[PDB]
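Colleague: Provided herewith: final22.tsv, TSV, C-alpha atoms.
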```
chain	number	residue	atom	x	y	z
O	1	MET	CA	-13.83	-14.27	-9.77
O	2	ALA	CA	-14.10	-10.73	-10.94
O	3	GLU	CA	-11.66	-8.43	-12.74
O	4	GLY	CA	-10.17	-9.69	-16.01
O	5	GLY	CA	-7.13	-7.65	-15.31
O	6	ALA	CA	-5.65	-7.45	-11.81
O	7	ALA	CA	-6.86	-9.55	-8.89
O	8	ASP	CA	-10.32	-10.05	-7.42
O	9	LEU	CA	-10.90	-7.99	-4.32
O	10	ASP	CA	-11.28	-11.13	-2.25
O	11	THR	CA	-7.98	-11.99	-3.53
O	12	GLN	CA	-6.34	-8.52	-3.29
O	13	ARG	CA	-6.87	-7.95	0.41
O	14	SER	CA	-6.08	-11.46	1.35
O	15	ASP	CA	-2.98	-11.84	-0.84
O	16	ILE	CA	-1.52	-8.61	0.43
O	17	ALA	CA	-2.51	-9.64	3.97
O	18	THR	CA	-0.26	-12.52	3.28
O	19	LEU	CA	2.52	-10.16	2.40
O	20	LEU	CA	2.26	-8.31	5.68
O	21	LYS	CA	2.64	-11.52	7.54
O	22	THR	CA	5.39	-12.34	5.15
O	23	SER	CA	8.91	-12.34	6.26
O	24	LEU	CA	10.92	-9.26	5.59
O	25	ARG	CA	14.24	-10.77	5.30
O	26	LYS	CA	17.07	-8.88	6.90
O	27	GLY	CA	18.74	-6.97	4.12
O	28	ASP	CA	15.76	-7.17	1.75
O	29	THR	CA	14.01	-4.31	0.03
O	30	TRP	CA	10.51	-3.24	0.86
O	31	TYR	CA	8.51	-0.53	-0.74
O	32	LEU	CA	6.61	2.24	0.94
O	33	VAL	CA	2.93	2.97	0.42
O	34	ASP	CA	1.09	5.85	1.96
O	35	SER	CA	-1.17	4.49	4.59
O	36	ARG	CA	-4.06	6.56	3.39
O	37	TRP	CA	-4.28	4.97	-0.02
O	38	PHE	CA	-4.11	1.58	1.56
O	39	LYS	CA	-6.68	2.52	4.23
O	40	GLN	CA	-8.92	3.70	1.40
O	41	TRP	CA	-8.16	0.42	-0.30
O	42	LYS	CA	-9.19	-1.49	2.85
O	43	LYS	CA	-12.67	-0.08	2.54
O	44	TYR	CA	-12.86	-0.80	-1.12
O	45	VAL	CA	-11.49	-4.25	-0.98
O	46	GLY	CA	-13.00	-5.36	2.31
O	47	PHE	CA	-9.64	-5.70	3.99
O	48	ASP	CA	-10.81	-4.28	7.25
O	49	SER	CA	-13.22	-6.76	8.74
O	50	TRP	CA	-15.81	-4.37	9.98
O	51	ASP	CA	-15.69	-2.19	6.99
O	52	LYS	CA	-17.02	-3.95	3.99
O	53	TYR	CA	-19.76	-1.48	3.27
O	54	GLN	CA	-17.45	0.10	0.80
O	55	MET	CA	-16.42	-3.26	-0.52
O	56	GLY	CA	-16.62	-3.18	-4.25
O	57	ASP	CA	-17.74	0.42	-4.10
O	58	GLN	CA	-16.47	2.85	-6.64
O	59	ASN	CA	-16.60	5.68	-4.17
O	60	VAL	CA	-13.71	4.20	-2.36
O	61	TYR	CA	-11.76	3.17	-5.35
O	62	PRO	CA	-8.13	4.04	-4.70
O	63	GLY	CA	-6.59	5.13	-7.93
O	64	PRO	CA	-2.78	5.43	-8.39
O	65	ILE	CA	-0.73	5.02	-5.17
O	66	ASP	CA	0.17	8.48	-3.94
O	67	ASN	CA	3.19	8.84	-1.78
O	68	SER	CA	3.18	12.67	-2.02
O	69	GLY	CA	2.23	12.94	1.66
O	70	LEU	CA	5.29	10.87	2.52
O	71	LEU	CA	7.53	12.78	0.18
O	72	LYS	CA	9.22	15.95	1.27
O	73	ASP	CA	8.61	19.47	0.29
O	74	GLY	CA	10.20	19.81	-3.07
O	75	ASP	CA	11.59	16.34	-3.61
O	76	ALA	CA	9.62	13.30	-4.54
O	77	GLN	CA	12.58	11.20	-3.73
O	78	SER	CA	12.90	12.39	-0.25
O	79	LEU	CA	10.83	11.13	2.62
O	80	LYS	CA	9.73	13.36	5.45
O	81	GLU	CA	11.06	13.09	8.98
O	82	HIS	CA	8.08	12.10	11.15
O	83	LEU	CA	7.14	9.12	9.02
O	84	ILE	CA	6.45	5.86	10.83
O	85	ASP	CA	5.02	2.49	9.58
O	86	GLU	CA	1.05	2.02	8.92
O	87	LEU	CA	0.53	5.07	11.09
O	88	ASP	CA	2.05	7.26	8.31
O	89	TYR	CA	3.01	4.85	5.58
O	90	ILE	CA	3.25	1.16	5.00
O	91	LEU	CA	5.69	-1.14	3.47
O	92	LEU	CA	5.12	-3.95	1.14
O	93	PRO	CA	7.39	-6.65	-0.07
O	94	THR	CA	8.47	-6.38	-3.66
O	95	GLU	CA	5.42	-8.45	-4.58
O	96	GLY	CA	3.11	-6.52	-2.48
O	97	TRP	CA	4.04	-3.29	-4.02
O	98	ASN	CA	4.15	-4.96	-7.47
O	99	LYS	CA	0.59	-6.07	-6.85
O	100	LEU	CA	-0.64	-2.73	-5.90
O	101	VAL	CA	1.17	-1.19	-8.73
O	102	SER	CA	-0.08	-3.90	-11.07
O	103	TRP	CA	-3.62	-3.29	-9.96
O	104	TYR	CA	-3.69	0.49	-9.49
O	105	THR	CA	-0.13	1.59	-10.31
O	106	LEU	CA	1.85	4.30	-8.89
O	107	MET	CA	1.08	8.02	-9.25
O	108	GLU	CA	2.56	9.95	-12.00
O	109	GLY	CA	5.64	11.85	-11.20
O	110	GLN	CA	6.60	9.42	-8.49
O	111	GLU	CA	8.83	6.53	-8.00
O	112	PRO	CA	8.80	3.63	-5.55
O	113	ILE	CA	10.33	4.34	-2.39
O	114	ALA	CA	12.36	1.38	-1.54
O	115	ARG	CA	13.15	0.87	2.05
O	116	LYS	CA	15.58	-1.68	3.22
O	117	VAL	CA	14.63	-3.75	6.16
O	118	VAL	CA	15.39	-2.13	9.38
O	119	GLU	CA	18.66	-2.59	11.11
O	120	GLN	CA	17.07	-2.55	14.52
```
What would the structure in this file look like if it were written as structure tokens?
Modeller:
Amino acid sequence: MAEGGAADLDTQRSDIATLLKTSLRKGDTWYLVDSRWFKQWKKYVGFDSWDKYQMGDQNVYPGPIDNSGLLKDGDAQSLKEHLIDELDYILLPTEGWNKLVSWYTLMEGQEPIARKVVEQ
């Protein structure tokens, strides 16, 4: 078990994997993550099963979660139009986001983008 603070990587990827399979609850509040940070994270953490060459690597260390690519031109509180799920962004449950923010926090100048569960 590594990391005195935060979770072990073996733990990180797997615990969050648990959050993706986790129920969303109609009327709940999820939080967006840019897919790129998370995809970077997958490498680093060994989330993606073929891609554990970067596992534990510092090269692939995803620092603070950066939703700037999701955020509109001018407003950090405004999401862009073409945004879709893991294709563009991702959502985490409260915990999921909390984890990621507990481990690597959120970028400076940003706020969590909370997305209610879809009405579809």
Colleague: Can you work out which one of O:19, O:26, O:3, O:64 has the shortest atom-to-atom distance to residue O:101, counting all atoms listed in the file?
Modeller: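 When distances to residue O:101 are compared using all atoms listed in the file, the smallest one comes from O:64.
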Colleague: Counting all atoms listed in the file, which of O:119, O:51, O:34, O:95 gets nearest to residue O:15?
Modeller: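 The shortest atom-to-atom distance to residue O:15 comes from O:95.
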Colleague: Return the single residue from O:65, O:45, O:59, O:30 that is closest to residue O:100, with distances computed using all atoms listed in the file.
Modeller: O:65
Colleague: Could you tell me how far atom CA of residue O:32 sits from atom CA of residue O:117, in Å to one decimal place?
Modeller: 11.3 Å
Colleague: Please, what distance in Å, to one decimal, runs between atom CA of residue O:61 and atom CA of residue O:77?
Modeller: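 Going from atom CA of residue O:61 over to atom CA of residue O:77, I get 25.7 Å.
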Colleague: Using all atoms listed in the file, pick whichever of O:87, O:7, O:2, O:79 has the shortest atom-to-atom distance to residue O:36.
Modeller: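 Between O:87, O:7, O:2, O:79, the residue approaching residue O:36 most closely is O:87.
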Colleague: Tell me which of O:80, O:106, O:42, O:120 sits closest to residue O:16, counting all atoms listed in the file.
Modeller: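 For residue O:16, the nearest of the candidates is O:42.
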Colleague: Atom CA of residue O:75 and atom CA of residue O:41 are how many Å apart?
Modeller: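 That distance, rounded to one decimal, is 25.6 Å.
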Colleague: Under the rule that all atoms listed in the file are counted, which of O:35, O:110, O:29, O:12 is the nearest residue to residue O:78?
Modeller: O:110
Colleague: When you look at stretch 66-68 of chain O with a cut-off of 7 Å (counting all atoms listed in the file), what residues show up, excluding the ones that are within fewer than 3 positions of it in the same chain? I need them as a list in words.
Modeller: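 Near neighbours after the sequence-gap exclusion: residues 33, 34, 37, 71, 76, 106 and 107 of chain O.
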Colleague: Please produce an output containing C-alpha atoms for each residue in the selection, written as a PDB file, keeping the file's coordinate frame.
Modeller:
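Generated file (result.pdb):
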```
ATOM      1  CA  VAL O  33       2.930   2.970   0.420  1.00  0.00           C
ATOM      2  CA  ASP O  34       1.090   5.850   1.960  1.00  0.00           C
ATOM      3  CA  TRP O  37      -4.280   4.970  -0.020  1.00  0.00           C
ATOM      4  CA  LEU O  71       7.530  12.780   0.180  1.00  0.00           C
ATOM      5  CA  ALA O  76       9.620  13.300  -4.540  1.00  0.00           C
ATOM      6  CA  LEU O 106       1.850   4.300  -8.890  1.00  0.00           C
ATOM      7  CA  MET O 107       1.080   8.020  -9.250  1.00  0.00           C
TER       8      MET O 107
END
```
